[PDB]
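In: Sequence, then structure. It's an experimental one.
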Amino acid sequence: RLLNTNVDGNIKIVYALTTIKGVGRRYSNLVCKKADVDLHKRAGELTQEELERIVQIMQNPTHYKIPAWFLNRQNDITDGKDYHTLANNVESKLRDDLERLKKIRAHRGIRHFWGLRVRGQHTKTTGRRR
Amino acid sequence: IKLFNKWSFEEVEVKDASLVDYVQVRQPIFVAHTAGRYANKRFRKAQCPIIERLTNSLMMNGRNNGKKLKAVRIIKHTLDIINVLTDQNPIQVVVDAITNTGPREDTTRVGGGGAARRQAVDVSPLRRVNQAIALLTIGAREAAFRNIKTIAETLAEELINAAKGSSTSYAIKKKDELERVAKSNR
Amino acid sequence: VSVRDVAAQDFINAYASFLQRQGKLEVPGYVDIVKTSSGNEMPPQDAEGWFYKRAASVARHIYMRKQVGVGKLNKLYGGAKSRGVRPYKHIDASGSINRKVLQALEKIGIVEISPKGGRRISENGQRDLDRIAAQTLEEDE
Amino acid sequence: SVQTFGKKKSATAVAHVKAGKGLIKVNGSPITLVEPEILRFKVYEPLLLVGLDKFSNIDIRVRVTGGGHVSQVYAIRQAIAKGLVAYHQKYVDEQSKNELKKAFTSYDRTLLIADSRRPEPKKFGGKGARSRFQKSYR
Amino acid sequence: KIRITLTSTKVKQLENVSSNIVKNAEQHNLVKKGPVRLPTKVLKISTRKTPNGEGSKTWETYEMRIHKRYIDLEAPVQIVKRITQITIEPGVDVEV
Amino acid sequence: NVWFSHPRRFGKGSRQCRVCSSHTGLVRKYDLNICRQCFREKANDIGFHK
Amino acid sequence: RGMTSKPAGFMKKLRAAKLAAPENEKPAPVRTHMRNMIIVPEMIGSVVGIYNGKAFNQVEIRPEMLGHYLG
RNA sequence: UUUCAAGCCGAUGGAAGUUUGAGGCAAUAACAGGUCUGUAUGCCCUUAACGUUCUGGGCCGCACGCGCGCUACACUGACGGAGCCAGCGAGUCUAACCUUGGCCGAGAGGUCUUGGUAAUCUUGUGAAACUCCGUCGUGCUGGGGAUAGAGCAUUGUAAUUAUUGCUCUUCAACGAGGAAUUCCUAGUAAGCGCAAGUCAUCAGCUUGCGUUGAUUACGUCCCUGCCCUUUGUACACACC
């Protein structure tokens, strides 16, 4: 048991963690070698020592090449994860954020009512996904 | 002459007699034969005919992106593989294969609408070289793509099946196809 | 010999062994927060943990070019269109690495500051380079 | 002294040829060190070609700017060759023209004359590069 | 070195003024490092003749051949003043 | 239009042609020319510029 | 974003807020198509009316929102 | 070889062959070809307004179709570290290009100091393809990347509509495409980077450049355009 709700096992550690919303394909390997286990190693082969090192990084913050790093938060007083954000936390925050500025006329809130892009990326041909 | 300052043509026996007259191992057309490497893997065998025409057909078909810079490593690094495997000169084995993959009589096509008129034309030496290497590389690039095999292992394995004679080989089999339809529709 | 006679990569590895011995050069702890947080396993030559291998590279470049600038030993001189440019505006990841490395090498007596901007390489510097280049060359022959 | 030129694909090979010593200096670093890769047998190529071996014989000091590892190994090579014919002995050196023409023999893109090649783009109208399209007998 | 530079349109006006500095300014008291040529201060470009509109198939090559000579005067003694005698050939832009 | 020297914000009064009113990609070096159009015309008049 | 050294709060709407707030909160949506302003605490309550394109979609401005632009 | 003509075919000499490669040149005329939105301009018009000014929103809409580019479906390789190399062009005249030195700091980001350059310096060897070696091992993956959400700048007023980009995270279509159709003739397409042009500011475009560089014509039967002679005509507002 590492995650909130989910649990990995049996398959290679990179494949086995992909089923988590918060740990993907080229995002599993990030946390894996920070614990200090390899990619070929399967998640059902893990020793207690190896199991402890992986969950410590994964629930608390993740990184890559970060020499400058503060920990400021939202300023709006809903929640405040902002370390690393796993399954049950990423489905909550990202959901109700969209609803708060949709309640008012933010223009990002009205693009959430439409269907069209929120950032506004070259809008003519894109729109078959969003 | 000396190919990568070791192997030459003086330790090589030649099979087809008319290829002695035309294609000379001086430079036109260079009778030193070797190709079959990508990355680092020492497989088994080597072989691909005429190094001048391994700049030619072998390059563009590949299978590789990149042109000559790829090709010169394919040519060079496979020389050592066959040297310790069958204990042969890398040129000698495929001086057998070049005449087997090169037709004597071929067929032209001329397209009169949706009609393929295959009529016979004679070959003789020069075209037999490059059209044979075209036959090797087109079968090799597609066999690297369509099943799990690198261009290293594909080019390598092919040419002893082409040299001795087997229906596993592409190049002797398509040589048969083009040659026998010429002597039929003559 | 000189630094030219020995190869590029393996000189940087060989010099890095002696670099760790000298306790003026410490790790301010930046590259242990990148290679582990990746997936990347790099074995002990490739490894760089980190100020030892990077100091050996930077100091080699003051033999090979020699002229001024901490900035012109940070990125070669101009072209950081690959990876990230930083000239006037406040210095980033690459910045805080190389300002520290030539500061720490100065506290040995490896690099000195020449009066037309920035660094050269001095007496104890090129001793610590090319004497190690000789030892590696004897292992090559 | 005896010097000479010799370029292909843009290069300036400033090849001095001199009696006494036999160290091959390329700019301000030796032969093995400037060109560490694979193709650097080519800069040692027209040296042993003449008959006798080098190091014992003639000193070579080149300067070169312009040209990749593909270009430079021919530029230096071509300049050593073009400076060989212009050299002085006792019989002297002019007929080494014919043996540098016989270097890459019988399909003469030799070492006397240049590789007159400058790789620029790809063409419109048929299929094209260098060596003309469509032939059964090639 | 006292840097004189000349630049003009074409060859015909340029030959006279360049040769005149060797004749007039230079004598014995001046040593120049001498009358050089240099590459042209040119600006070439290939574009299209019709400026955009009908016809992609049309071309026009352009240049501005503005032939420079440097011709530097080394010795900065008395004779560097006598350049004020030559004021001939306008179209030659003299710059010091 | 643009030719009034006091726009509201800094970047409103953009660039325009002298000859025509036209706007659509002018030239920095010559503030005249419709867009591309009088560039090649006024080359054929006298002289050239890059 | 403009926070340090001069945040981009457009001066016309500061004049609007000092008028309309100390009287009575105006229950009709005041149209305010200005996007480029920082929102300030004297704008809380009163219905600001930013345009979108084809439609409008009612503001209720809360004391929790202050820090951002109208975005 | 050909009539012992003109020419072809190959070879020698050389850095270079049959107008050397690429531009520049567009006859006489026709298509009542296109441009009244470049300016010029006949005449028709409209004139408390098919004038002018203020500001927002539109040109980014959409329920489908068509044309042209970009990117991928891969070991054709990806990922990490190290290393070797080109050419064409830009840069205030009083708002330049850029080297340096320290300080905010999750990004896009300049006030100030010092030094070089009017192009000697600088953009550019922190320039890729490529090469070396190791790992992944054919599974929608270590493939591919749209989309979304999450931490900021003493200026460019200012980037919700409508900016690029950087780190974590989200990890789709797609696994080589029917009927059918286009381009690619010997350093000038493919593949590969680099620079200019408009530009306060948004390229995959246009424009210009170098690096690595080849499969294939036997033969004009058929297709489409063009030229010459011969040939039939009742065809003639241009030979709809």
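Out: Nice, thanks for sending it over. Numbers count the residues shown, from 1 in each chain, chains lettered A, B, ... in the order given.

In: Touching stretch G:53-60 from outside, list them.
Out: Here stretch G:53-60 makes contact (Cβ atoms under 8 Å, 6 or more residues apart in numbering or on different chains) with A:103-105, A:109-110, A:113, G:29, G:47-50. C-beta here means a position set from N, CA and C on the backbone, and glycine is covered the same way.

In: Looking at neighbours, which among these is most surrounded?
Out: For those, the largest number of neighbours (other Cβ atoms under 10 Å in any protein chain shown) sits with residue A:105, at 24 neighbours.

In: Go through the residues of chain G and report the one nearest to chain E.
Out: residue G:53 (32.5 Å; Cβ to the nearest Cβ).

In: from what I can see, that residue looks like it's in a helix, true?
Out: No: counting by DSSP: H, G, I helix; E, B strand; the rest coil, residue G:53 falls outside a helix, being coil.

In: what's the spacing between residue D:75 and residue B:178?
Out: Separation of residue D:75 from residue B:178 (Cβ to Cβ, to the nearest Å): 44 Å.

In: Okay, and residue 73 sits in which element?
Out: All of this is about chain A. Using DSSP states H and E, residue A:73 maps to neither a helix nor a strand.

In: you looked at the wrong chain, it should be chain D
Out: helix D:72-82.

In: list the helices and strands the next helix or strand after that helix packs on?
Out: As assigned by DSSP H and E, the chain's next helix or strand after helix D:72-82 is helix D:96-101. Applying 3 or more Cβ pairs under 8 Å, 6 or more residues apart in numbering or on different chains; DSSP states H and E, one finds that helix D:96-101 contacts helix D:45-49.

In: Is the helix or strand just after the helix it packs on positioned near RNA strand H?
Out: Later in the chain than helix D:45-49, the nearest helix or strand by DSSP H and E is strand D:58-65. Yes: using Cβ under 7 Å from any atom of the strand, strand D:58-65 reaches RNA strand H at residue D:65.

In: Can you pull out the residues in contact with strand D:58-65?
Out: Contacts for strand D:58-65 (Cβ under 8 Å, 6+ apart): D:11-27, D:47, D:54, D:72, D:75-76, D:79-80, D:87.

In: Now do the buried residues in that strand.
Out: D:58-62, D:64 (16 or more other Cβ atoms under 10 Å in any protein chain shown).

In: and the closest residue to residue D:40 other than its chain neighbours, how far is that from residue E:34?
Out: Setting aside the residues directly before and after it, residue D:40 is nearest to residue D:73 in space (Cβ to Cβ, 6 or more residues apart in numbering or on different chains), at 6.3 Å. Going from residue D:73 to residue E:34 by Cβ to Cβ gives 39 Å.

In: and the two? which has more neighbours close in?
Out: Shown here are residue D:73 and residue E:34; by other Cβ under 10 Å, residue D:73 has more neighbours (21 against 12).

In: Name the residue closest to the centre of the chain, please.
Out: You didn't say which chain, so I picked chain A. residue A:22 (3.1 Å; Cα atoms, centre = their mean).

In: try again with chain F
Out: Geometric middle of chain F (Cα atoms, centre = their mean) lands on residue F:17, at 3.3 Å.

In: Quick check: the gap between the nearest residue to that one once chain neighbours are set aside and chain A.
Out: Closest residue in space to residue F:17, ignoring its immediate chain neighbours: residue F:34 at 5.4 Å, by Cβ to Cβ, 6+ apart. Note on residue F:34: its distance to chain A, by Cβ to the nearest Cβ, to the nearest Å, is 27 Å.

In: Can you give me the neighbour number for residue F:34?
Out: With neighbours defined by other Cβ under 10 Å, the count for residue F:34 comes to 20.

In: And it, which helix or strand is it part of?
Out: Judged by DSSP H and E, residue F:34 forms part of no helix or strand.

In: Residue 10 - nearest residue in space that isn't next to it in sequence?
Out: I went with chain A, as the question did not name one. residue A:44 (4.4 Å).

In: my question was about chain G
Out: In space, residue G:10 is closest to residue G:37, 4.4 Å off (Cβ to Cβ, 6+ apart).

In: ok, the one you found - contacts?
Out: Residue G:37 makes contact with G:8-10, G:13, G:69-70 under the criterion Cβ under 8 Å, 6+ apart.

In: Equivalent analysis for residue G:61, please.
Out: For residue G:61, the contact set (Cβ under 8 Å, 6+ apart) comprises A:104, G:39, G:43-48.

In: Among those residues, name the ones in strands.
Out: Among the contacts of residue G:61, the ones falling in strands (DSSP state E) are residue G:48.

In: neighbours of the residue of chain F found nearest chain G, just the number please.
Out: Taking Cβ to the nearest Cβ as the measure, chain F has residue F:9 as its residue closest to chain G, at 9.6 Å. Other residues near residue F:9 number 7, with proximity taken as other Cβ under 10 Å.

In: Then residue D:122?
Out: Neighbours around residue D:122, by other Cβ under 10 Å: 7.

In: Sticking with it, tell me its helix or strand.
Out: Residue-wise, residue D:122 maps onto no helix or strand under DSSP H and E.

In: Excluding sequence neighbours, find me the nearest residue to it.
Out: Per Cβ to Cβ, 6+ apart, closest to residue D:122 is residue D:129, 6.9 Å.

In: and what of residue B:174?
Out: According to Cβ to Cβ, 6+ apart, the nearest residue to residue B:174 is residue B:135 (5.3 Å).

In: try residue G:14
Out: residue G:40 (7.1 Å).

In: ok, now which ones touch residue A:68?
Out: Here residue A:68 is in contact with C:92-93 (Cβ under 8 Å, 6+ apart).

In: List the buried residues of stretch C:38-49.
Out: In stretch C:38-49, counting by 16+ other Cβ under 10 Å, buried: C:38-39, C:48.

In: Phi, psi for the residue nearest to residue A:19 when sequence neighbours are not counted please.
Out: Leaving aside its chain neighbours, residue A:19 sits nearest to residue A:6 (6.6 Å; criterion: Cβ to Cβ, 6+ apart). Note on residue A:6: backbone dihedrals following degrees, to the nearest 10 are phi -80, psi 170.

In: can I assume residue A:6 is in contact with residue A:23?
Out: No: assessed by Cβ atoms under 8 Å, residue A:6 is found out of contact with residue A:23, at 9.0 Å.
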